[PDB]
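Architecture and fold: a report
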Amino acid sequence: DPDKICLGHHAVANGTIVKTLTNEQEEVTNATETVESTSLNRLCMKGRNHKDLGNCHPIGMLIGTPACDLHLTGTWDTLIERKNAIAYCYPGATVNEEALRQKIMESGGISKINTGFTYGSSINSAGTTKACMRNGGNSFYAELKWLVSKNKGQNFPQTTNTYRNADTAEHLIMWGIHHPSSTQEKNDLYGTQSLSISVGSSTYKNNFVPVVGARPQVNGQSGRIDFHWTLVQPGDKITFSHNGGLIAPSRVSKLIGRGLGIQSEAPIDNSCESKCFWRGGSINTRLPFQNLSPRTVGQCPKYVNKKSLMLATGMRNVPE
Amino acid sequence: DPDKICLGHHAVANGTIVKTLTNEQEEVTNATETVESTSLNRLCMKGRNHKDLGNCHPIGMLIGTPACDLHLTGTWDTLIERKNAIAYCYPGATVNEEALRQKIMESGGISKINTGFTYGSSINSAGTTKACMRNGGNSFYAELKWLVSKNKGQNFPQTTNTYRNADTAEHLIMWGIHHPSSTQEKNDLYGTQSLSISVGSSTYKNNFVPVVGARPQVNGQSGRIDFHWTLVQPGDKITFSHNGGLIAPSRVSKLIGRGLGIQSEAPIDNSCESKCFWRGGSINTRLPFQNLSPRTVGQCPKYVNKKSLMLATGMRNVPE
Amino acid sequence: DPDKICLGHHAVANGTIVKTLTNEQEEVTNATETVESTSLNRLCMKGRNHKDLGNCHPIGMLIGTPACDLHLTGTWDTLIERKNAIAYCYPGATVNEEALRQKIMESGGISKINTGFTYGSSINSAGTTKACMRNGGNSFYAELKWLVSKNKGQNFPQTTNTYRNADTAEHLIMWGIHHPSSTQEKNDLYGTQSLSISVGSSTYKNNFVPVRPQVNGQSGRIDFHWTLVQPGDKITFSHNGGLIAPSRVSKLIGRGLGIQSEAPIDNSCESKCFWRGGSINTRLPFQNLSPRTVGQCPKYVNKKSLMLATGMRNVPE
Amino acid sequence: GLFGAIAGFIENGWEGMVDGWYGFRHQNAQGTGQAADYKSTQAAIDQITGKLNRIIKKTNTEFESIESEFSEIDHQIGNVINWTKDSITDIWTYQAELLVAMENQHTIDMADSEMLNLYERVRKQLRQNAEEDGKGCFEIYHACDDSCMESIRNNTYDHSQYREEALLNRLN
Amino acid sequence: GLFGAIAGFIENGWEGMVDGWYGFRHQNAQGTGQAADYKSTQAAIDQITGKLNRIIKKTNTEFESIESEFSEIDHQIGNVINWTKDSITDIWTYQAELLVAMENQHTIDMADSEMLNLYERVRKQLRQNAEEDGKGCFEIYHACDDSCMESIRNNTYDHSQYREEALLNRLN
Amino acid sequence: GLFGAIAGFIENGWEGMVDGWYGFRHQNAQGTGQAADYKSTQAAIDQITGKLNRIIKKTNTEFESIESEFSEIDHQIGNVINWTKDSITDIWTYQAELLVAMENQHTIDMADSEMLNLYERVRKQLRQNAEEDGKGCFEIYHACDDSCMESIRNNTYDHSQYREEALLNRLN
Ligand SMILES: *[C@@H]1O[C@H](CO)[C@@H](O[C@@H]2O[C@H](CO)[C@@H](O)[C@H](O)[C@H]2NC(C)=O)[C@H](O)[C@H]1NC(C)=O
Ligand SMILES: *[C@@H]1O[C@H](CO)[C@@H](O)[C@H](O)[C@H]1NC(C)=O
Ligand SMILES: *[C@@H]1O[C@H](CO)[C@@H](O)[C@H](O)[C@H]1NC(C)=O
Ligand SMILES: *[C@@H]1O[C@H](CO)[C@@H](O)[C@H](O)[C@H]1NC(C)=O
Ligand SMILES: *[C@@H]1O[C@H](CO)[C@@H](O)[C@H](O)[C@H]1NC(C)=O
Ligand SMILES: [Ca+2]
């Protein structure tokens with residue numbers, strides 16, 4: 001029995017199983033997770049000049065719906081949209097609704113510019129309705145004007161308005177067209193004659209004839225006001241020749257800068273910081289991968305079809 | 001002392017730092033780069049039949065804008081488009097413009113086939129304009145004709161013209177629709193009637209009505225000539241039914257073969273060869289990766305978000 | 001003088017070349033393919049409730065073209081379109097044709113719901129034609145009705161039918177407009193009155209005015225249009241004659257795999273991956289048959305062969 | 001090779017050895033034998049099986065058509081699909097080429113190592129009763145019959161039995 | 001394993017050892033002891049730290065929304081999006097599984113290699129004063145007190161101090 | 001490293017050795033010399049040449065423009081392209097980093113292995129005529145002139161020619 005020295009290595013009782021190139025049940029001493037499964041149910045907004053719209057819908061704040069009074073202008077780096085958001089108090093739909101919505105959510109602020117659209121004595125520029133309630137009473141969209149005749153019954157005059165883009169950047173201009181759903185309502189507001197609404201810039205052109213038919217009643221209104229939009233470039237005009245029916249703009253919007261567009265139901269939290277978001281909330285994690293959702297925004301871990309992927313942090317566990 | 005033999009390896013004084021799986025500052029005896037950082041601010045066109053369009057927009061070749069008089073026909077394996085290139089002398093736009101542009105920039109040549117269209121006494125088919133100048137005088141799109149009534153105020157006759165594709169490959173037929181600036185101009189040119197323009201083939205059906213209304217002057221012109229296009233297959237016929245408003249084709253196009261389309265401001269250099277191009281020029285690297293631009297065309301290295309990735313081509317440097 | 005024990009390893013006479021990180025021509029004892037080159041030219045439909053449409057185009061299923069009669073309804077987990085498949089017995093096209101076709105191939109069955117549309121005594125809704133031949137005789141689209149006047153000269157009555165959506169799901173409704181080339185043809189058919197058609201509903205609404213080469217020996221055309229009727233919504237068609245009317249409307253149920261192929265059927269073989277040329281029933285991870293595939297597939301690669309080593313370096317004697 | 005045995009200090013393989021991947025060949029007074037080593041052969045095969053199980057596999061992701069076979073698509077969106085599909089095909093082509101090349105490298109070296117681990121196991125068994133030939137063989141310095149040779153292969157060789165004899169033969 | 005030590009000629013690990021990853025256990029006249037080896041333990045942990053620094057990492061790319069949560073998207077482009085997202089997810093799932101598998105394989109063998117390097121360093125020190133056990137131990141052929149043992153563990157054991165004595169004990 | 005020679009028991013590299021990657025230094029009565037081993041050097045170089053042939057390469061896939069440089073792209077489809085390109089670039093950036101990091105790790109350890117294979121080839125060649133110094137050297141226990149040292153390098157050293165003398169000196 002000579003003197004002996006033995007080389008050896010450590011081990012553990014609670015060894016973890018990992019996958020290797022050759023072995024699917026390889027036991028190592030320690031390991032750590034690479035796919036994140038936990039998610040906070042709260043929009044982490046520390047170090048972020050954010051804007052929670054809440055009731056308001058992104059399109060809404062260009063036209064000026066009652067719900068978007070707080071959000072008509074302002075600058076931000078993040079913009080949060082909620083479910084079932086009110087874009088239209090008076091019923092109707094925007095053509096290229098989705099393109100408009102994306103461009104607003106992509107922006108980092110809104111500035112309003114006045115059109116300077118004056119109207120004659122025979123026109124009633126301050127027309128209102130019971131659908132869009134502001135301060136508990138009849139009203140209309142803030143950034144538009146419902147143009148009807150002053151005397152009930154008479155014809156609407158052939159007037160023409162024109163906005164000049166004096167700014168060095170592009171402006172977004174919007175306008176509605178009243179589809180009245182009644183020949184009685186069409187005549188006593190606008191006139192008996194056939195109405196024609198023409199729009200035209202250097203880059204855009206279109207003609208609009210108000211169709212009339214009994215549409216289903218929503219918000220207590222059978223008629224419709226369908227909106228259309230375009231971008232007026234720097235140094236360009238845009239004309240609005242109309243013989244009644246038009247809802248012209250009093251103000252035009254300028255989407256300024258860049259910002260993150262988040263769609264989620266979860267609430268704000270201004271104590272926590274994060275850079276990855278999704279419908280269910282925030283993903284504040286150091287890990288490279290995740291299995292919460294494929295639809296995320298900002299600086300995110302990559303989505304993988306894996307519950308777990310264990311990365312070995314130690315040698316083979318060989319117990320006695 | 002006993003006789004000794006010592007095994008060993010080389011080293012160098014100034015080594016090179018690379019990254020391994022386990023170490024970000026690993027000194028090795030030699031390394032080489034895998035990400036190309038440098039670009040030639042030139043378009044390397046050696047061994048390529050190329051066409052620099054210059055001031056000509058590729059669509060302008062098809063409709064024959066004055067700018068594209070040297071580019072109405074041709075063949076090439078590479079086609080070079082430039083900034084602020086001119087498609088439209090008289091103002092307007094093409095429907096599916098970017099689809100058409102991309103289709104032209106994908107071709108390897110254009111041929112022209114006469115359509116042979118003829119018109120009555122009452123139609124004036126040589127109506128030029130100040131917006132499109134050629135040889136110091138008023139002119140028009142070389143491959144189209146402006147059809148207008150010869151007697152001012154008179155109704156344009158319900159005319160019918162048909163092009164059969166006699167060739168064994170598909171032909172690209174283009175036509176314009178004029179959109180007048182007022183009810184005065186529309187009546188002076190095409191008369192007081194309701195205008196309709198129908199274009200029909202086996203594979204295509206569409207109707208067009210000239211929208212009329214006030215709008216800004218582009219190139220001193222309030223009116224717009226918008227363009228349309230389709231493919232007419234071998235043997236198939238395409239018929240134009242029109243009663244004023246049609247800008248009728250006098251020629252149709254055939255896109256021949258295949259070519260690489262480049263959009264760049266950089267000048268041509270016929271001394272260097274290349275298979276990769278971007279806005280700023282050519283990329284002649286043999287390296288696998290590249291950090292110049294994500295927008296590239298041809299046989300390119302893959303864009304990566306890295307300044308440098310050094311590939312070890314030598315052992316660890318352990319200096320004396 | 002001393003005894004010997006020698007360690008060694010097996011070899012084989014016929015080795016196999018593989019590529020390693022350092023060596024392009026590295027010979028090993030055994031290797032196996034990872035890229036599939038062999039393609040079965042047969043659609044493998046074992047364990048699949050499938051509908052080979054054959055001569056029928058998916059649009060034509062919804063309007064009832066003579067070639068489609070056997071496919072007007074069904075349930076399936078797979079749908080197979082073919083080349084040159086007939087969609088229209090009377091010439092024309094759908095308003096948003098290719099958008100509709102892909103919606104049908106995305107679905108896993110069709111069930112038709114009767115609209116229950118009655119018309120007056122003067123009008124005659126059984127407008128047959130020599131173009132759409134059925135049962136060895138003149139006929140029309142099965143799911144639509146050709147509305148002409150019973151009096152060959154008399155003007156067409158301004159009729160309006162309505163359809164409320166009873167079911168809880170969305171119902172797909174299709175209609176159109178007949179135009180002859182000339183005016184003289186149009187006047188005898190539906191009267192001299194310059195009529196028009198307009199369909200109105202919850203979301204959709206548009207007007208259409210009856211405005212080339214000839215197809216299937218017919219002078220006039222039938223231009224088709226479509227929209228999804230919402231659940232608990234009323235589609236009312238307002239017309240003054242000269243518009244074909246839907247007798248039934250379609251309902252798409254669930255989803256299924258829309259295959260497009262020229263290759264014939266075989267229910268002995270099974271597969272989860274399909275392409276134009278046929279089926280891909282391979283266990284291998286990669287494939288070089290086509291970049292266009294559908295289902296659960298091996299990934300397309302620009303590689304004829306990739307040999308994975310399954311044994312040591314081959315070192316012969 | 002990384003571990004220096006296969007295509008290294010061992011000149012070449014043995015086409016004769018069909019019953020396993022690694023093994024022994026001996027010579028002694030009474031003649032000659034050959035036998036496979038099961039443990040090292042199976043360790044190599046098992047490791048290659050695990051690669052095949054991981055690699056010979058496809059995803060369970062359902063892919064519907066975005067390109068019509070029998071009809072035209074819009075030319076812009078068609079080009080966007082063509083760009084995307086070619087980009088994804090370049091990724092998978094590269095990933096496959098790398099995977100296979102990397103695994104082939106690993107397999108070759110893994111197999112090399114098992115040869116060396118068997119060799120080093122025998123070296124330590126024989127201890128001072130043998131010396132390394134250089135060519136993957138051990139010149140044993142004592143009378144080692146087939147039961148002795150079997151004990152070396154089966155790992156029941158006790159060096160002390162033959163130590164007194166062997167050291168004398170090694171020294172003179 | 002590749003280097004043949006861990007889960008190899010060292011038959012098992014030592015659960016008792018909690019101040020190190022690799023280490024020593026001795027037996028001499030004075031009795032049994034145990035000590036960690038710092039240099040080899042750190043080499044292993046440092047290499048593992050580097051991996052964690054490189055892998056526990058996300059890209060800095062700002063991805064914006066291309067699919068709407070609260071509204072319908074156009075049907076043709078949504079299919080292009082769905083096809084693309086699914087394809088990207090298959091890539092990342094595959095890249096993640098390959099990464100982790102490859103790193104685990106490397107981690108295990110790297111650790112095995114540090115065990116071998118420590119064994120080879122001790123072997124070369126002891127020189128002709130000891131002989132390999134076959135189980136990861138060295139039978140030393142002289143009186144090795146706790147200072148001699150510490151001198152082996154601390155890489156300061158001088159073989160020529162005990163050479164004459166040990167060579168006589170071995171030959172016997 | 002993995003194989004324990006370079007940045008291991010070989011204390012450092014030789015800046016003087018400039019006609020090879022691996023080689024010999026010797027000392028004897030006649031003086032000092034140096035020489036490079038050709039075969040082991042080219043083995044390491046050829047493997048690195050192989051890496052470069054595979055890695056220094058682009059795909060032969062023609063890509064067309066899907067984004068216009070000089071005109072406004074449709075907003076919805078342009079977001080899809082922006083999202084897609086950024087996803088592809090993250091994959092290729094990640095893949096490039098993983099490619100080089102892994103290859104760098106393999107190259108280093110490959111070169112380490114060729115140093116060790118040369119050392120082991122010399123050890124087995126010298127047999128019982130030498131002893132491992134522990135720093136990559138071999139203390140040879142006989143008169144080894146320049147021609148004797150040349151035969152160690154050229155792999156024609158016969159150990160039995162010097163065995164009688166060498167064993168007597170080792171045991172003393
Ligand atoms: C998208 O790619 C496909 C495949 O490369 C193109 O289809 C080819 O087009 C022409 C015929 O028009 C021929 O080269 C081949 O017959 C077609 N190939 C296949 C496999 O069908 C297609 O043109 C491309 N799309 C666009 C919009 O450019
Ligand atoms: C190669 O290995 C496979 C298992 O992957 C086996 O089935 C096949 O028979 C082997 N090939 C040869 C030629 O032995
Ligand atoms: C895209 O995927 C989502 C989630 O699987 C699904 O609900 C939706 O129907 C798909 N979109 C289209 C247009 O098919
Ligand atoms: C897409 O990205 C480019 C380059 O980063 C940027 O200039 C452009 O604004 C983006 N386009 C859209 C439509 O978001
Ligand atoms: C290798 O070197 C030895 C020793 O100097 C020399 O004698 C021999 O000739 C060399 N081998 C060959 C093949 O030349
Ligand atoms: Ca293309």
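Quick notes on the rules
- Residues numbered from 1 in each chain as written, not as in the entry; some residues may be left out.
- Chains lettered and ligands numbered in written order.
- Heavy atoms only, no water.
- Residues with missing side-chain atoms left out of burial classes, pairs and counts.
- Helix = DSSP H or I, 4+ residues; strand = E, 2+ residues; numbered from the N terminus.
- Rg over C-alpha atoms; globule rule 2.2 N^0.38 Å.
- Donors = N, O, S within 2.8 Å, 3.2 Å for Na, K, Ca; no water.
- Axes fitted to C-alpha atoms, helices over the stretch in contact; angles between N-to-C directions.
- Parallel < 35°, antiparallel > 145°, perpendicular 65-115°, else oblique.
- Left-handed = near helix turned anticlockwise from the far one by under 90°.
- Contact = heavy atoms within 4.5 Å.
- Nonpolar A, V, L, I, M, F, W, Y, C, P; charged D, E, K, R; others polar.
- Disulfide = S-S within 2.5 Å.
- Buried < 20%, exposed > 50% of the residue type's maximum accessible area, 1.4 Å probe, protein only.
- Buried area = accessible area lost by both parts, 1.4 Å probe.
- Salt bridge = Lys/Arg side-chain N within 4 Å of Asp/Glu carboxyl O.
- Core = buried A, V, L, I, M, F, W, Y, C linked by side-chain atoms within 4.5 Å.
- Pairing = 2+ DSSP bridges.
- Polar contact = N/O pair within 3.5 Å; in protein donor to acceptor, adjacent residues only side chain to side chain.
- Domains from an automatic or database assignment.
- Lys, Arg positive; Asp, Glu negative; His and termini not counted.
- Near = heavy atom within 4 Å.
- Areas by Shrake-Rupley, 256 points an atom, 1.4 Å probe, with all protein chains shown as cover.

- As documented in the archive entry, the model was determined using X-ray crystallography at 2.8200 Å resolution.

1. Describing the overall build of chain C
- Tallying secondary structure elements over chain C gives 3 helices and 31 strands in all.
- Against the 2.2 N^0.38 benchmark of 20 Å for 317 residues, chain C shows a C-alpha radius of gyration of 30 Å, more extended than a compact globule.
- The principal-axis extent of the C-alpha atoms belonging to chain C is close to 125 × 40 × 35 Å.

2. Considerations on the coordination of the calcium ion (ligand 6)
- Summarising the metal site, the calcium ion (ligand 6) is bound by the protein donors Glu 106 of chain B (OE), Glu 106 of chain B (OE), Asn 79 of chain D (OD1) and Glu 64 of chain F (OE), whose distances to it range over 2.5 to 2.9 Å. Placement of the pair is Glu 106 of chain B in the loop between α2 (97–104) and β10 (109–114) and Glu 64 of chain F in the loop between α1 (38–55) and α2 (75–126), with the two residues belonging to separate chains.

3. Quick notes on the packing of helix α1 (residues 38–55) of chain E against helix α2 (residues 75–126) of chain E
All names here are of chain E.
- As a packed pair, α1 and α2 sit with axes 9 Å apart at the nearest point and diverge in direction by 165 degrees. As far as their axial angle goes, α2 and α1 are roughly antiparallel. Between α1 and α2 lies a crossing of right-handed hand. Residues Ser 40, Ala 43, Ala 44, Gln 47, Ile 48, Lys 51, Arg 54 and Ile 55 of α1 form the contact with α2, whose participating residues are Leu 99, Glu 103, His 106, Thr 107, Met 110, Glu 114 and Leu 118.
- In the contact of α1 with α2, the residues fall into 7 nonpolar, 4 polar and 4 charged.

4. Notes on the state of the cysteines
All names here are of chain B.
- Tallied over the entire structure, the rule returns 16 disulfides over all chains.
- Through a disulfide, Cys 56 is tied to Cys 68; the S-S separation comes to 2.0 Å. Classification of the bridge connecting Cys 56 and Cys 68 rests on its S-S torsion, roughly 110 degrees, and on that basis the disulfide is right-handed. Of the two residues, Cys 56 sits in the loop between β7 (50–52) and α1 (58–63) while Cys 68 sits in the loop between α1 and β8 (74–75), which places them 12 residues apart along the sequence.
- Note on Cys 68: relative accessible area 0%, which makes it buried.

5. Let's talk about the interface of chain C and chain E
- The interface of chain C with chain E comprises 4 residues on the first partner and 5 residues on the second.
- Each partner contributes to the roughly 430 Å² buried at the junction of chain C and chain E, and carbon and sulfur atoms together form 33% of this total.
- Per-residue buried area on chain C facing chain E is highest for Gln 102, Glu 106 and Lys 299 of chain C; these three make up 72% of the total on that side.
- In this assembly, chain C and chain E are joined by 1 salt bridge.
- For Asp 90 of chain E, the salt bridge goes to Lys 299 of chain C, with nearest N and O atoms at 2.8 Å.

6. Side note on the nonpolar core
- With 96 residues, the main nonpolar core has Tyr 22, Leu 126 and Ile 152 of chain D, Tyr 22 and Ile 152 of chain E together with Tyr 22 and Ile 152 of chain F as its most contacted residues.
- Judged by nonpolar contacts, the second largest core, of 70 residues, contains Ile 91 and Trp 92 of chain E together with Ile 55 and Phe 63 of chain F.

7. Some details on the sheet that holds strand β27 (residues 278–279) of chain C
All names here are of chain C.
- Read from one edge of the open sheet, 3 strands run β27-β26-β29, paired in antiparallel fashion. The open sheet has two edge strands, β27 and β29 (294–295), and neither has a second partner.
- One ladder, built from 2 bridges, connects strand β26 (residues 273–275) with β27; its direction is antiparallel. Looking at β27, one finds that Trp 275 is bridged to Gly 278.

8. Describing the interface of chain B and chain F
- Listed as interface residues are 62 residues of chain B and, on the opposing side, 75 residues of chain F.
- Roughly 6,300 Å² of surface becomes buried between chain B and chain F when both sides are summed, with 59% attributable to carbon and sulfur atoms.
- The tally of links from chain B across to chain F stands at 5 salt bridges.
- Between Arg 258 of chain B and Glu 64 of chain F there is a salt bridge; the shortest N-O distance is 2.7 Å.
- If you look at where chain B meets chain F, you find 29 residue pairs in polar contact.
- Listing elements by their share of the side of chain B that touches chain F, those giving two or more residues are β1 (3–9), β3 (26–28), β4 (31–33), α2, β24 (260–263), β29 (297–298), β30 (302–303) and β31 (310–312) of chain B.
- Top contributing element to the side of chain B that touches chain F by residue count: β1 of chain B, with 7 residues.
- The class makeup of the residues in the side of chain B that touches chain F is 26 nonpolar, 15 polar and 21 charged.
- As paired strands, β1 of chain B and strand β4 (residues 137–140) of chain F are joined by 4 bridges and run antiparallel to one another. Within the sheet, the bridge partner assigned to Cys 6 of chain B lies in β4 of chain F and is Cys 137 of chain F.

9. Describing the environment of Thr 78 of chain B
All names here are of chain B.
- Its location among the elements puts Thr 78 in strand β9 (residues 78–81).
- Along the sequence, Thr 78 and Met 105 sit 27 residues apart, while their C-alpha atoms lie 8.2 Å from each other.
- When residues no more than four places from it in sequence are discounted, the contact partners of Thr 78 are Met 45, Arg 48, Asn 49, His 50, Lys 51, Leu 260 and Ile 262.
- For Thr 78, the side chain forms a polar contact with the side chain of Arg 48, separated by 3.1 Å.

10. Quick notes on the environment of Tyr 88 of chain A
Residues and elements named next belong to chain A.
- With respect to the secondary-structure elements, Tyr 88 resides in the loop between β8 (78–81) and α2 (97–106).
- Taking relative accessible area as the criterion, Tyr 88 reaches 18% and is therefore assigned buried.
- Remark: the alpha-carbon pair of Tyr 88 and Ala 67, spanning 21 residues in sequence, is separated by 9.5 Å.
- The residues touching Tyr 88, leaving out its near neighbours within four places in the chain, are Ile 59, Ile 63, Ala 93, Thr 94, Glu 97, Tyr 141 and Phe 227.
- Reaching out from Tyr 88, the side chain makes a polar contact with the side chain of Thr 94 at a distance of 2.7 Å.
- Within the structure, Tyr 88 has its side chain in polar contact with the side chain of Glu 97 (distance 3.2 Å).

11. Things to note about unusual backbone geometry
- Positive phi outside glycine occurs at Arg 127 of chain D, with the angle close to 60 degrees.
- Backbone geometry at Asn 155 of chain F places phi at a positive 60 degrees, although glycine is not the residue there.
- Tracing the chain through its elements places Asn 155 of chain F in the loop between α3 (146–153) and α4 (163–171).
- With relative accessibility at 48%, the residue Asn 155 of chain F sits in the partly exposed group.

12. Quick word on the pairing of strand β18 (residues 224–232) of chain A
Residue and element names in this part refer to chain A.
- Of all 9 residues making up β18, 7 are buried, and the element is well covered by its neighbours.
- Where strand β15 (residues 171–179) and β18 come together, 9 bridges link them in antiparallel fashion. Considered in β18, the bridge of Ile 173 is made with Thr 230.

13. Some words on the sheet that holds strand β28 (residues 286–287) of chain C
All names here are of chain C.
- Here 3 strands make up an open sheet; going across it, the order is β5-β28-β30 and the pairing parallel. Both outer strands of the open sheet, β5 (35–36) and β30 (299–300), are each paired with one neighbouring strand and no more.
- Bridge analysis of β28 against β30 gives 2 bridges, and the strand direction is parallel. When the bridges of β30 are listed, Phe 286 appears paired with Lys 299.

14. Concerning the pattern of salt bridges
- Applying the stated rule across the entire model yields 84 salt bridges over all chains.
- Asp 52 of chain B is paired through a salt bridge with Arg 82 of chain B; the nearest N and O atoms lie 2.9 Å apart. With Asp 52 of chain B in strand β7 and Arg 82 of chain B in the loop between β9 and α2, this pair connects stretches of sequence that are 30 residues apart.
- Salt bridges sharing partners connect three or more residues here, namely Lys 4 of chain B, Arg 127 and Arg 163 of chain E together with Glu 131, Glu 139 and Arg 170 of chain F.

15. Points about the domain arrangement of chain C
Residues and elements named next belong to chain C.
- Domain boundaries assigned for chain C yield domain 1 (1–48 + 264–317) and domain 2 (49–263).
- Between domain 1 and domain 2, the C-alpha centre-to-centre distance is 51 Å.
- In this complex, domain 1 contributes 16 residues to the contact, which on the side of domain 2 involves 14 residues.
- The three residues of domain 1 that bury the most area against domain 2 are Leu 43, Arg 48 and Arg 276, which together make up 49% of that side's buried surface.
- For the interface between domain 1 and domain 2, the tally reads 0 salt bridges.

16. Quick word on the side chain of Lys 186 of chain B
Residue and element names in this part refer to chain B.
- Among the structural elements, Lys 186 can be located in helix α3 (residues 183–190).
- At 12 Å, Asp 188 is the nearest oppositely charged side chain to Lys 186, a buried residue that forms no salt bridge.
- Polar contacts involving the side chain of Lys 186 include one to the main-chain carbonyl oxygen of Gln 193, which spans 2.7 Å.
- Not counting residues within four places of it along the chain, the set of residues in contact with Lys 186 comprises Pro 180, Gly 191, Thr 192, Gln 193, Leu 195 and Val 212.

17. What to know about the site of ligand 3
- As a matter of local geometry, ligand 3 sits amid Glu 106 of chain C together with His 75, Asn 79 and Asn 82 of chain E.
- Per-site note: the chains with residues close to ligand 3 are chains C and E.
- Contact between ligand 3 and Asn 79 of chain E: an oxygen atom at 3.1 Å from a side-chain N or O atom of the residue.
- Protein chains bury 38% of the 360 Å² of accessible surface belonging to ligand 3 in isolation.
- It is α2 of chain E that contributes the most residues to the shell around ligand 3, 3 residues altogether.
- Here the shell around ligand 3 is built from residues that sort into no nonpolar, 3 polar and 1 charged.

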